[PDB]
Amino acid sequence: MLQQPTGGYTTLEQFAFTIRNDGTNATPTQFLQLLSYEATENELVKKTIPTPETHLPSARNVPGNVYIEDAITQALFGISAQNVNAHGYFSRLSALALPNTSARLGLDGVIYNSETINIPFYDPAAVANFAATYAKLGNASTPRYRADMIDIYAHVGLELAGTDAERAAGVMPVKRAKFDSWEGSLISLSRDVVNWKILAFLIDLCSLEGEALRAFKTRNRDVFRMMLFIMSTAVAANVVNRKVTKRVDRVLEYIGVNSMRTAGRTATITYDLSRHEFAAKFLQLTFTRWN
Amino acid sequence: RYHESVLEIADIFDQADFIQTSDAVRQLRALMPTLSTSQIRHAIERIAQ
Amino acid sequence: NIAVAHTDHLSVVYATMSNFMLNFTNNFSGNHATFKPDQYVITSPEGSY
């Protein structure tokens with residue numbers, strides 16, 4: 001029954017987000033330094049983000065317990081081909097949104113009906129606010145509710161590849177980002193970033209207050225710029241790798257502009273139609289909370 | 001409460017024709033053992049032969 | 001031609017059968033606008049459902 005000192009569960013060594021590359025294991029901060037980019041002249045301008053709709057879906061009665069956490073990641077950064085998922089037990093979340101409920105949310109990423117014996121879980125009070133915002137992710141494919149899978153991506157590219165000199169004006173030149181690679185590359189970061197404990201992050205966003213939110217956003221603006229990069233190569237138009245003499249570069253076509261089908265096919269992670277609606281519903285919901 | 005019972009079409013709605021209103025036969029009618037649609041059918045059947 | 005033998009001999013059948021030894025739950029439906037089963041569950045604090 002862990003608690004947060006307002007440092008948050010992210011101020012802990014229990015679960016930390018680390019990519020493995022370079023023959024040893026490294027933190028996200030060290031990785032991003034390799035991403036160097038130029039310009040190709042198609043101005044990607046920051047639009048406004050429309051507020052979400054308050055209505056929460058109903059968690060249709062369900063016996064047993066689903067791994068609510070699993071699906072959140074298994075859709076966003078899921079590597080292995082994921083079939084249609086617009087359907088599913090994806091809104092049991094809202095059953096935590098009400099005041100007095102007994103249903104608890106454990107560590108590891110499960111949603112128990114009744115707290116059982118020997119299972120460590122997040123604090124029942126700070127998991128409430130996380131739900132009154134993310135249980136709203138249940139209606140991701142209901143017509144007349146789904147977000148728009150175009151404009152948010154403009155917001156995304158201004159984040160992982162936008163030098164501050166640009167974001168302070170709200171406009172930037174479309175970039176083509178290439179870092180140096182190894183073998184599997186793009187697919188390897190996916191099989192890696194999947195098992196990260198995303199819930200250990202999102203809970204902090206909706207609780208931690210201005211004192212420990214300005215400090216929280218400063219140490220974690222990088223764990224965000226990591227699960228935002230992989231989520232981006234699932235959109236880019238090309239992945240062709242340039243060649244030096246012995247070196248290899250993974251030029252990525254157009255980060256921040258959204259096409260409709262993956263450049264990866266075989267080389268990188270791939271999305272599906274049912275997932276395009278999903279990524280837009282996540283990316284929209286999370287940005288208001290972050291920004 | 002209110003003591004609930006049954007009314008009559010025999011009282012309200014009297015017409016010299018179409019509603020047979022003779023109390024001598026009202027006395028006659030208040031004797032039979034509650035007819036159905038089958039009891040009255042066999043009545044207009046025994047009277048035939 | 002049915003209603004008489006349907007709301008008398010068959011009516012007293014349910015009237016008695018409503019209160020048998022074994023029957024225990026309420027399956028009442030005199031208001032289709034609002035009625036729910038109000039089910040119970042056998043649960044232990046040590047992981048059982």
# chains A, B, ... in the order shown; residues from 1 in each chain; ligands from 1
>>> closest_atom_pairs(of="chain B", to="chain C", cutoff="12 Å", atoms="only C-alpha atoms", output="Markdown table")
| residue | atom | partner | partner_atom | distance |
| --- | --- | --- | --- | --- |
| B:34 | CA | C:4 | CA | 11.0 |
| B:35 | CA | C:4 | CA | 9.7 |
| B:36 | CA | C:4 | CA | 6.6 |
| B:37 | CA | C:1 | CA | 6.3 |
| B:38 | CA | C:1 | CA | 7.1 |
| B:39 | CA | C:4 | CA | 10.5 |
| B:40 | CA | C:1 | CA | 11.3 |
| B:41 | CA | C:1 | CA | 10.2 |
>>> residues_around(residues="residue 19 (chain B)", least_positions_apart="3", cutoff="9 Å", atoms="only C-alpha atoms", output="list in words")
residues 9, 10, 13, 14, 15 and 16 of chain B
>>> write_last_selection(atoms="N, CA, C and O atoms", output="PDB file, in the first residue's frame")
ATOM      1  N   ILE B   9     -75.943  -1.807 -15.426  1.00  0.00           N
ATOM      2  CA  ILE B   9     -76.444  -1.122 -16.619  1.00  0.00           C
ATOM      3  C   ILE B   9     -77.973  -1.184 -16.565  1.00  0.00           C
ATOM      4  O   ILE B   9     -78.670  -0.506 -17.325  1.00  0.00           O
ATOM      5  N   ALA B  10     -78.478  -1.995 -15.637  1.00  0.00           N
ATOM      6  CA  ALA B  10     -79.910  -2.173 -15.432  1.00  0.00           C
ATOM      7  C   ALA B  10     -80.559  -0.998 -14.698  1.00  0.00           C
ATOM      8  O   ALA B  10     -81.755  -0.745 -14.872  1.00  0.00           O
ATOM      9  N   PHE B  13     -79.385   4.137 -17.059  1.00  0.00           N
ATOM     10  CA  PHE B  13     -79.422   3.838 -18.487  1.00  0.00           C
ATOM     11  C   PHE B  13     -80.704   3.160 -18.983  1.00  0.00           C
ATOM     12  O   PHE B  13     -80.785   2.747 -20.144  1.00  0.00           O
ATOM     13  N   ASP B  14     -81.699   3.055 -18.104  1.00  0.00           N
ATOM     14  CA  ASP B  14     -82.997   2.472 -18.442  1.00  0.00           C
ATOM     15  C   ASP B  14     -83.563   3.063 -19.732  1.00  0.00           C
ATOM     16  O   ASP B  14     -83.608   4.284 -19.903  1.00  0.00           O
ATOM     17  N   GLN B  15     -83.979   2.180 -20.633  1.00  0.00           N
ATOM     18  CA  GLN B  15     -84.787   2.575 -21.775  1.00  0.00           C
ATOM     19  C   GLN B  15     -85.917   1.560 -21.891  1.00  0.00           C
ATOM     20  O   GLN B  15     -85.683   0.351 -21.802  1.00  0.00           O
ATOM     21  N   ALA B  16     -87.141   2.059 -22.069  1.00  0.00           N
ATOM     22  CA  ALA B  16     -88.343   1.218 -22.166  1.00  0.00           C
ATOM     23  C   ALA B  16     -88.164   0.039 -23.126  1.00  0.00           C
ATOM     24  O   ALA B  16     -88.788  -1.011 -22.964  1.00  0.00           O
TER      25      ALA B  16
END
>>> select_by_dssp(residues="chain B", states="alpha helix (DSSP H)", output="JSON, numbers by chain")
{"B": [23, 24, 25, 26, 27, 28, 29, 39, 40, 41, 42, 43, 44, 45, 46]}
>>> atom_distance(atom1="CA of residue 138 (chain A)", atom2="CA of residue 90 (chain A)")
5.6 Å
>>> select_by_dssp(residues="region 159-273 of chain A", states="strand (DSSP E or B)", output="number ranges by chain")
A: 171-178, 180, 243, 248-249, 255
>>> interface_residues(of="chain C", to="chain A", cutoff="10 Å", atoms="only C-alpha atoms", output="tab-separated table (two decimals) with N, CA and C atoms, in the first residue's frame")
chain	number	residue	atom	x	y	z
C	43	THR	N	-18.79	-13.88	-1.98
C	43	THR	CA	-17.42	-13.37	-2.05
C	43	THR	C	-16.68	-13.48	-0.72
C	44	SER	N	-15.41	-13.87	-0.80
C	44	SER	CA	-14.53	-13.90	0.36
C	44	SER	C	-13.47	-12.81	0.23
C	45	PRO	N	-13.00	-12.26	1.37
C	45	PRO	CA	-11.91	-11.28	1.34
C	45	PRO	C	-10.58	-11.88	0.87
C	46	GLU	N	-10.52	-13.21	0.79
C	46	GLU	CA	-9.33	-13.92	0.34
C	46	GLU	C	-9.51	-14.45	-1.09
C	47	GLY	N	-9.77	-13.53	-2.02
C	47	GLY	CA	-9.83	-13.83	-3.45
C	47	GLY	C	-10.76	-14.95	-3.88
C	48	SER	N	-12.07	-14.67	-3.87
C	48	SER	CA	-13.08	-15.61	-4.36
C	48	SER	C	-14.31	-14.85	-4.87
C	49	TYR	N	-14.93	-15.38	-5.93
C	49	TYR	CA	-16.03	-14.70	-6.60
C	49	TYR	C	-16.98	-15.68	-7.28
>>> atom_distance(atom1="CA of residue 25 (chain C)", atom2="CA of residue 41 (chain C)")
14.3 Å
>>> atom_distance(atom1="CA of residue 106 (chain A)", atom2="CA of residue 87 (chain A)")
23.9 Å
>>> closest_residue(among="A:16, A:56, A:128, A:234", to="residue 272 (chain A)", atoms="only C-alpha atoms")
A:234
